[PDB]
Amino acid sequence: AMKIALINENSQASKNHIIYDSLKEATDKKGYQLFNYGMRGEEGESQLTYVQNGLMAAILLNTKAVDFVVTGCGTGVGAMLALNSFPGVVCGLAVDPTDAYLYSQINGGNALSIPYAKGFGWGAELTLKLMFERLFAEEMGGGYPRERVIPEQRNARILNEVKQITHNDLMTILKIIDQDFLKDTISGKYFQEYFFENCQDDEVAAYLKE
């Protein structure tokens, strides 16, 4: 059963309830498990910037705690930039339902960022619900058009092969990265609850536990 994470940062935390409700409708339909890992817009909660969003997503995805991360920010760009800087994280950006569908078919990565402020007005939750339906409608990497499945899959494969070279490994990153930065990223009660229960990488769990 595919595991999905939702991660909101500071600027858009007050919209988390809406984004979650929209996402949950789509994940429920597919039978996926949804984990609300980031900010919920609750007073006094543990804070996250879009850069910390990338770090959290990298920890979750590389350890297989989740299979897919949904994130974003005001424009979605910042979160997208940060997630893609990490090993094992391929994060698209989508602004309409067709974009979300094409992302799933052409790129078939393990994360997507969406704008939650720019263009986000009346009826925004209708668009979100539709975007999430289209994101999960069909098996990922299936190609658009169906006839271009081979080269699209090939290039997606090569990107991953290149990322193996261009990124440092996760354990190195965690040991080098600023320690307050990392502690703050993983300090949230929900991360603390969900991650250790779902982490499939014993080495990383042990390092983060203290």
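When you see a residue number, it is the position in the sequence shown, counting from 1.
K.L.:
On mean Cα temperature factor in this entry, is 145-153 or 59-67 the higher one?
P.N.:
Looking at the record's C-alpha B-factors, the answer is 145-153.
K.L.:
Give the stretch, out of 176-184 and 27-35, with the larger mean C-alpha temperature factor in the deposited entry.
P.N.:
The stretch with the larger mean CA B-factor is 176-184.
K.L.:
Would the CA B-factor of residue 159 place it in the lowest, middle or highest third of its chain?
P.N.:
Lowest third, going by the recorded CA B-factors of the chain.
K.L.:
Name the third of the chain's ranked CA B-factors that contains residue 4, choosing lowest, middle or highest.
P.N.:
Tercile = middle for this residue's CA B-factor.
K.L.:
Splitting the chain's C-alpha B-factors into thirds, which one does residue 124 fall into?
P.N.:
Within its chain, residue 124 is a middle-third residue by C-alpha B-factor, going by the deposited values.
K.L.:
For the chain shown, is the CA B-factor of residue 140 in the lowest, middle or highest third of its modelled residues?
P.N.:
Its C-alpha B-factor, which the entry lists for residue 140, ranks in the highest third among residues of this chain.
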